[PDB]
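S.K.: What follows is a single structure, and I will ask about it in a moment.
Derivation of every value follows stated rules applied to the coordinates shown; laboratory data play no part. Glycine also receives a Cβ, built like all others from the backbone with ideal geometry; neighbour counts cover every protein chain displayed.
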Ligand SMILES: CCC[C@H](N)C(=O)O
Ligand SMILES: CCC[C@H](N)C(=O)O
Ligand SMILES: CCC[C@H](N)C(=O)O
């Protein structure tokens, strides 16, 4: 019955494609779709920091005719231990969708399990699915057909972006490669889900510790922070392992000539990515960030007309 | 000139009836009254946690045509000791009403003493009058006439809910009973005010330490947390005295067969209310929370046309 | 191309009069200009506490038909060290202007250097130009023309208000005097720029340690806090030096008989300004606060049609 979006494969390949096509339509006509007219509300809850997600969601919602109630969960009664399920049943009386940036996926599942409106993952510890929709809209407007392109991700292969690039990348027909060192590879379960979905789309999943091989011939190079939110006090050395995986000019010179570079941001310039690459001719980082707005609006128009 | 809503008896019986009738009408047509179109502003200021108050005011104001400016007081100049009177005088220059969730009642009185727009209590240590209007709206849509109903509240009978249920209840013509251990009875001057208001409406006020007597034949049964915001560090055991006052199936079984159960939320499941009661057939808990939206809109409309 | 408002002299004198003429028209017809209709977004970012700037900007954007995204910067990725240039380039994809209350002026220069939308100083350690636009509107509406009035500022002559009164005063043709102890004097390059602007408008700049001589004959007396945000820990006694500079009944008695008193707020009553003055017949303080709303809206309309 009600459609949620907690992870990238919650959209079938055909569904993802309808979303991305609508994304491109909304980018060209931003304020003419008003499913939340009223204004109907949408909850937008943050447990972690945000710039791109906060702005793109709040504005998108307003552009759909609705009203984002944007909160830090700590100042809600979640900070005083109201259960996630009571919260979600309450929010279901006020809003038409619940967008949440959180820690463990289990938290999203708890709310999704009783909510009577779409729950949307605005970033968890294990996935960042709205980002990869914006990533894919950006690749599509630059390259055309998504099916059969090669995309390589570099760095922490166990974080939310690695995971979502895998699931959303194969959902789109894309051969995805994760280049990561050995403490830091995708979760087996996510890798299994990606392989499962790739079978239906013609895609493939490669996981390697050879950055040079991952880069070579690639159509899209992607990276992300070596230390994500939640990982600060994990005690690991998060510099030494990742140095070989830095997205720099040696690396990019191995890719296909028309290759593009993505980074979800915020970037720690000099670490995972260098200035010359980020501010170079291949970077699509600013268009990528912008698409957060157009992609999430499409997602929401699509989820709402199905719920 | 100027009507504030700082505690429940700030409305007369006839006025409360006007507000509740309008609450009913706005539930039916939520966007048909737009007295704040423009948008005009309303200030919504939080010194404490919230989910239901935050969402229902922010959205209810937007559906009245207006725009809520929602802030934690700690990031305003209130956090650098600007006085409450200066703050109120300045806010009366931007917004058409000031909604404030705070501690001592005296702080609301300080703002209401100089403000030139309605000040509205969105919870204080002593009263929670917007909650009780939602309660009454939910009672009325389930049972019809309010006059003559029998309501009992259980638990911490010294808290804002107990005071507000006593005052809003008897204003509605409802026989109110507060059932609580000896060390947590209503403030006697609140209780006296309630007895005075009861003489006008045919209501009554009862304070009891016997839960079973309070449940017997009750039409509505209400409870709330046993540790309110601001009580966390009073050092008292706030489980043991309250156990006999728990709202569970055996207590509920004593009530009228058509009795309903209310809880303002957030609930501590297994303490003041059991899963079995809260999720049972008698529970009006979620309609109650929805009715915050409607009741506060009605309240806003009424106050604005009188100020 | 694109006009920023980082400091008062960013407007030439003809441009400032355009903005203030607009302010007065918008005070009379507040929803008559909708350039942000859509809604288009505007970033409103806080590094420091705020009441007046928060409410005036948020509501004023809404009244121009747009949507303000209001954030404390600690919650954004600025809190996790994303560079200002990256933040600005990203915001430029989402919003139509960036309003920022911050610390060093160089942070605003950093953003404005790469931003493709107008950056607007909602207060920095150096300037507070939007406040002075509201100050000028409130003088104009009480005294008529601005050219050739006498304005005196008292207290910390090196703070952001001293600098804006200097630059925005002379730009309006106002003879500006700063009365401050000798260790608290306007930054030399701000005084120079003010002297240079005064030559084009026929105004003048005076700086003195003599509070009595500064009050004698003044049309406008202005003060501000002795310890601004950010100065709490400089090690200075910030009471003893400024006592001779207190805006009290004695000093007001020296002014022109039709003099007005202004104070940006928040006020530490009993320090820089007394109750008798603040609350007496010369005080234009509440109207001054309200005019933040009208003056910022005009500035936004004006900047947007030129960017
Ligand atoms: C947009 C932030 C993504 C990053 N992997 C994190 O969780 O911090
Ligand atoms: C709505 C919360 C009510 C509770 N008595 C409290 O003040 O915390
Ligand atoms: C509006 C505040 C003005 C003061 N100079 C400060 O910087 O704190």
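S.K.: Might you let me know whether the range C:176-188 holds any residue that is in contact (Cβ under 8 Å) with a residue 40 or more places away in the chain, closer than 15 Å to residue C:129 by Cα and in a loop (DSSP other than H, G, I, E, B)? I'd like the intermediate steps shown before the answer.
M.R.: Going through the range C:176-188, the residues in contact (Cβ under 8 Å) with a residue 40 or more places away in the chain turn out to be C:177, C:179-181, C:183-184, C:187.
Subsequent filtering for residues that are closer than 15 Å to residue C:129 by Cα retains none.
No, the conditions are met nowhere in the range C:176-188.
S.K.: When residue B:106 is evaluated against the numbered criteria (1) at positive phi; (2) without any contact (Cβ under 8 Å) to a residue 12 or more places away in the chain, which criterion, by number, is the only one it fails?
M.R.: Of (1) at positive phi; (2) without any contact (Cβ under 8 Å) to a residue 12 or more places away in the chain, only one is false for residue B:106: (1).
S.K.: So which residues in the range A:21-41 are more than 10 Å from every other protein chain (Cβ to nearest Cβ) and in contact with a strand residue (DSSP E or B) (Cβ under 8 Å, 6 or more places away or on another chain), if there are any at all?
M.R.: Scanning the range A:21-41 gives a single hit, A:36.
S.K.: In the range A:174-184, is there at least one residue being within 14 Å of ligand 1 (Cβ to nearest atom) and either over 17 Å from residue A:228 (Cα atoms) or in contact with a strand residue (DSSP E or B) (Cβ under 9 Å, 6 or more places away or on another chain) (or both)? Can you show your working first?
M.R.: Pass one, the range A:174-184, residues within 14 Å of ligand 1 (Cβ to nearest atom): A:178, A:180, A:184.
Add one more test, that the residue is either over 17 Å from residue A:228 (Cα atoms) or in contact with a strand residue (DSSP E or B) (Cβ under 9 Å, 6 or more places away or on another chain) (or both), and what stays is A:178, A:180.
There is at least one residue in the range A:174-184 that is within 14 Å of ligand 1 (Cβ to nearest atom) and either over 17 Å from residue A:228 (Cα atoms) or in contact with a strand residue (DSSP E or B) (Cβ under 9 Å, 6 or more places away or on another chain) (or both).
S.K.: I'd like the full set of residues that are more than 30 Å from residue C:18 (Cβ to Cβ), within 13 Å of chain B (Cβ to nearest Cβ) and in a helix (DSSP H, G or I), limited to the range C:265-301.
M.R.: If we filter the range C:265-301 for residues that are more than 30 Å from residue C:18 (Cβ to Cβ), which is where we start, we get C:266-281.
Then drop every residue that is not within 13 Å of chain B (Cβ to nearest Cβ), which leaves C:266-271, C:273, C:275, C:278-279.
If the condition is that a residue be more than 30 Å from residue C:18 (Cβ to Cβ), within 13 Å of chain B (Cβ to nearest Cβ) and in a helix (DSSP H, G or I), then C:275, C:278 are the ones that fit.
S.K.: Look at residue C:18 and say whether it is away from every other protein chain (no Cβ under 14 Å), away from ligand 3 (no atom under 16 Å from the Cβ) and assigned to a helix (DSSP H, G or I).
M.R.: On the way: away from every other protein chain (no Cβ under 14 Å): yes; away from ligand 3 (no atom under 16 Å from the Cβ): yes; assigned to a helix (DSSP H, G or I): yes.
Considered against the rule, which asks whether it is away from every other protein chain (no Cβ under 14 Å), away from ligand 3 (no atom under 16 Å from the Cβ) and assigned to a helix (DSSP H, G or I), residue C:18 comes out as yes.
S.K.: May I pose another question? Which residues, taken from the range B:79-101, are free of Cβ contacts under 8 Å to residues at least 40 places away in the same chain and either within 16 Å of ligand 2 (Cβ to nearest atom) or more than 7 Å from chain C (Cβ to nearest Cβ) (or both)? Please lay out each step first, then the result.
M.R.: So in the range B:79-101, the residues free of Cβ contacts under 8 Å to residues at least 40 places away in the same chain come out as B:79-90, B:92-93.
Matches in the range B:79-101: B:81, B:83, B:84, B:85, B:88, B:92.
S.K.: Within the group B:42, B:31, B:1, which residue is in a strand (DSSP E or B) and either surrounded by 23 or more Cβ atoms within 10 Å (Cβ to Cβ) or in contact (Cβ under 8 Å) with a residue 24 or more places away in the chain (or both)? Can you show your working first?
M.R.: Working: B:31 fails: in a strand (DSSP E or B); B:1 fails: in a strand (DSSP E or B).
Within the list B:42, B:31, B:1, the selection yields B:42.
S.K.: Among A:200, A:234, A:256, which is the only one that is farther than 23 Å from residue A:27 by Cα, more than 14 Å from chain C (Cβ to nearest Cβ) and part of a helix (DSSP H, G or I)? Working first, answer last.
M.R.: Working: A:234 fails: part of a helix (DSSP H, G or I); A:256 fails: part of a helix (DSSP H, G or I).
Residue meeting the stated conditions: A:200.
S.K.: Would you say residue C:104 is more than 13 Å from chain A (Cβ to nearest Cβ), more than 16 Å from ligand 1 (Cβ to nearest atom) and over 15 Å from the mean Cα position of the chain (by Cα)? Step through it out loud before you land on a result.
M.R.: Details: more than 13 Å from chain A (Cβ to nearest Cβ): yes; more than 16 Å from ligand 1 (Cβ to nearest atom): yes; over 15 Å from the mean Cα position of the chain (by Cα): yes.
For residue C:104, the condition - more than 13 Å from chain A (Cβ to nearest Cβ), more than 16 Å from ligand 1 (Cβ to nearest atom) and over 15 Å from the mean Cα position of the chain (by Cα) - is met.
S.K.: Of these, C:266, C:244, which one is buried (at least 22 other Cβ atoms within 10 Å of the Cβ) and touching a helix residue (DSSP H, G or I) at 6+ places or on another chain (Cβ under 7 Å)? It would help to see each step written out before you state the result.
M.R.: Numbers: C:244 fails: buried (at least 22 other Cβ atoms within 10 Å of the Cβ).
Residue meeting the stated conditions: C:266.
S.K.: Answer with yes or no whether residue B:226 is surrounded by 14 or more Cβ atoms within 10 Å (Cβ to Cβ), touching a helix residue (DSSP H, G or I) at 6+ places or on another chain (Cβ under 9 Å) and not in a loop (DSSP other than H, G, I, E, B). Reasoning before the result, please.
M.R.: Numbers: surrounded by 14 or more Cβ atoms within 10 Å (Cβ to Cβ): yes; touching a helix residue (DSSP H, G or I) at 6+ places or on another chain (Cβ under 9 Å): yes; not in a loop (DSSP other than H, G, I, E, B): no.
Considered against the rule, which asks whether it is surrounded by 14 or more Cβ atoms within 10 Å (Cβ to Cβ), touching a helix residue (DSSP H, G or I) at 6+ places or on another chain (Cβ under 9 Å) and not in a loop (DSSP other than H, G, I, E, B), residue B:226 comes out as no.
S.K.: Answer yes or no: is there a residue in the range B:109-116 that is over 14 Å from residue B:295 (Cα atoms), within 16 Å of ligand 3 (Cβ to nearest atom) and over 14 Å from the mean Cα position of the chain (by Cα). Explain how you work it out, then say what you get.
M.R.: Residues of the range B:109-116 over 14 Å from residue B:295 (Cα atoms): B:109-116.
Still in the running and within 16 Å of ligand 3 (Cβ to nearest atom): none.
The answer is no; no qualifying residue exists.
S.K.: Among the numbered conditions (1) over 16 Å from the mean Cα position of the chain (by Cα); (2) under 16 Å from residue A:136 (Cα atoms), tell me where residue A:293 comes up short.
M.R.: So the condition that residue A:293 fails would be (1).
S.K.: Being out of contact with any helix residue (DSSP H, G or I) (no Cβ under 8 Å at 6 or more places or on another chain) and either within 11 Å of residue B:177 (Cβ to Cβ) or without any contact (Cβ under 8 Å) to a residue 24 or more places away in the chain (or both) is the filter here; which residues of the range B:196-205 pass it?
M.R.: Within the range B:196-205, the first condition is being out of contact with any helix residue (DSSP H, G or I) (no Cβ under 8 Å at 6 or more places or on another chain), and the residues that meet it are B:196, B:199, B:202.
Matches in the range B:196-205: B:196, B:199.
S.K.: Let me ask something additional. Filtering the range B:127-140 down to residues that are more than 14 Å from every other protein chain (Cβ to nearest Cβ) and more than 13 Å from ligand 2 (Cβ to nearest atom), which residue is farthest from residue B:19 (Cα to Cα)?
M.R.: Only one residue tops the list, namely B:139.
S.K.: With B:77, B:85 as the choices, which residue is touching a helix residue (DSSP H, G or I) at 6+ places or on another chain (Cβ under 8 Å) and buried (at least 18 other Cβ atoms within 10 Å of the Cβ)?
M.R.: Details: B:85 fails: buried (at least 18 other Cβ atoms within 10 Å of the Cβ).
Within the list B:77, B:85, the selection yields B:77.
S.K.: Next question. Among the numbered criteria (1) in contact with a helix residue (DSSP H, G or I) (Cβ under 9 Å, 6 or more places away or on another chain); (2) closer than 23 Å to residue B:83 by Cα; (3) free of Cβ contacts under 8 Å to residues at least 24 places away in the same chain, which one does residue C:260 miss?
M.R.: Only one criterion is unmet by residue C:260, namely (3).
S.K.: Within the range C:48-77, work out how many residues are within 14 Å of chain A (Cβ to nearest Cβ), more than 13 Å from residue B:71 (Cα to Cα) and not in a strand (DSSP E or B).
M.R.: Residues that pass the stated criteria total 10.
S.K.: Also, I was wondering about something else. Which of the residues belonging to the range C:56-66 are in contact (Cβ under 8 Å) with a residue 24 or more places away in the chain and crowded, with 23+ Cβ neighbours inside 10 Å? Even if it seems obvious, please write down each step before you answer.
M.R.: The first filter runs over the range C:56-66 and keeps only residues in contact (Cβ under 8 Å) with a residue 24 or more places away in the chain, leaving C:56-57, C:59-61, C:63-66.
Once the filter is applied, which keeps residues that are in contact (Cβ under 8 Å) with a residue 24 or more places away in the chain and crowded, with 23+ Cβ neighbours inside 10 Å, the range C:56-66 yields C:56, C:57, C:59, C:60, C:61, C:63, C:64, C:66.
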